[PDB]
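Everything on this sheet refers to the single structure shown next.
Each value in this text was obtained by applying a stated rule to the coordinates, not by laboratory testing. Cβ coordinates were reconstructed from backbone atoms using ideal geometry, including for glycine residues, and neighbour counts include every protein chain displayed.
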Amino acid sequence: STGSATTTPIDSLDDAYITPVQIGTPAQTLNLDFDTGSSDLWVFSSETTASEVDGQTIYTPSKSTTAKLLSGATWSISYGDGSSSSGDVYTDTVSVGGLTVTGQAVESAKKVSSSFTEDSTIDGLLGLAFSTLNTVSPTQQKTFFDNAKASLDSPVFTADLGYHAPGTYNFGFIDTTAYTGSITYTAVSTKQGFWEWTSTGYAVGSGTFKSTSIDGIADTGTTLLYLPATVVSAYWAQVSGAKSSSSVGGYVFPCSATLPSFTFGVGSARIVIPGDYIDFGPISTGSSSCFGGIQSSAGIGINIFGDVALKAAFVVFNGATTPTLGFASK
């Protein structure tokens with residue numbers, strides 16, 4: 001089997017991407033944030049504290065003939081921005097782009113933190129990291145991909161995120177029309193539960209390539225590109241007036257700037273992020289200070305190849321017995 005679904009930016013800055021997912025019988029369609037950095041499929045629901053729901057579409061298990069309470073199971077998760085959610089668990093039928101999994105753990109939120117409530121466009125998350133990170137207790141649950149894998153034509157999914165435009169998540173096949181040139185594959189460590197790999201270096205604008213190993217994760221659920229302070233300083237030094245602002249929480253730059261591109265290495269291959277992708281607009285409405293899309297990972301504990309990086313590539317998440325990651329230009 002295969003599946004193919006369109007993923008769409010939630011706003012004009014590509015702050016996140018949503019993908020329609022069918023849950024239950026008859027189908028209840030929710031728009032979920034596909035997140036290769038976590039491993040829980042959770043949704044706003046009829047159980048979510050009413051004051052914490054503001055415009056989201058909710059899953060109502062009592063209206064699904066295939067829903068079953070997973071008795072005794074609870075979940076609780078927190079993300080890198082300090083946001084969080086928790087609740088109980090149902091099993092139900094879940095379909096993405098025509099690919100159906102029966103018996104998928106659908107984690108129903110009883111509570112969500114403020115930044116989820118305030119995001120009216122995101123109805124929940126669909127985790128695509130390794131199932132070892134799943135938070136369900138006392139019986140850990142499998143991701144949608146893990147459950148689908150054996151049925152897929154090939155044990156892979158691909159992320160093709162757009163810049164200010166829709167893109168695609170495919171399951172079970174590689175669309176050879178969706179990228180240019182060849183795909184370069186690189187090794188993955190699953191030791192921390194992530195799609196963790198080592199970039200071979202970087203360049204800023206038209207500058208020379210610096211060969212240096214940068215360990216990080218391919219994370220569709222993180223908006224920005226978070227890299228070591230040395231790398232990030234070298235980038236922003238090429239933008240007149242750019243500075244790190246403690247008050248804003250990262251590098252800002254004059255909105256009048258033309259940002260240079262940023263290149264990262266994948267083996268001997270190179271992915272170029274255009275300068276436009278690095279612009280996250282005014283820090284507050286009407287400001288002439290703009291927020292940068294490349295930020296320091298210092299104090300995060302890990303480097304993160306988030307959407308800013310991934311949307312410059314066609315990315316293969318190869319879930320074979322020994323997982324790997326592939327990147328192509330597009």
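Relative contact order for the stretch 170-285: 23 percent, from Cα pairs under 8 Å spaced at least 6 residues apart, divided by residue count. Compactness check for the stretch 5-174: Cα Rg over 2.2 N^0.38 Å is 0.96. The spacing between the stretch 119-138 and the stretch 205-269, judged by their C-alpha centroids, is 28 Å. For the stretch 283-291, backbone phi angles converted through the Karplus equation (6.51, -1.76, 1.60; θ = phi - 60°) give residue-by-residue couplings of 5, 9, 3, x, 6, 8, 9, 10, 8 Hz, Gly and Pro being listed as x. For the chain, what relative contact order do you get, as a whole percent, if you take Cα pairs closer than 8 Å and at least 6 residues apart? Worked out over the chain, it gives 19 percent. Starting from the alpha-carbon convex hull of the stretch 57-145, give the projected area averaged over all orientations, in nm². That works out to 6.2 nm², a quarter of the Cα hull's surface. Restricted to Cα atoms, the chain shows a radius of gyration and a Dmax of 19.6, 60 angstrom. Using the Karplus relation 6.51 cos²θ - 1.76 cosθ + 1.60 with θ = phi - 60°, the per-residue 3J(HN,Hα) values for the stretch 195-207 come to 7, 9, 8, 10, 5, 8, x, 7, 9, 10, x, 8, x Hz, with x marking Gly and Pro.
Diffusion coefficient of the stretch 175-330 by Stokes-Einstein, Kirkwood radius over Cα pairs, 25 °C, 0.890 mPa s: 153 µm²/s. According to the Kirkwood relation over distinct C-alpha pairs, the hydrodynamic radius of the stretch 1-94 is 14.8 Å. Local charge for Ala328 was computed over the other residues whose Cβ lies under 14 Å away, with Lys and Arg +1 and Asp and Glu -1, and equals +1.
Compared with the direct C-alpha span, the chain from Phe209 to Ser12 gains 67.8 nm at full extension, assuming 0.36 nm per residue. Pairs of C-alpha atoms in the stretch 1-56 farther apart than 18 Å represent 47 percent of all such pairs. Protection proxy ranking of 155-167, 318-330, by the mean of other Cβ atoms within 10 Å over each peptide's residues and highest first, is 155-167, 318-330.
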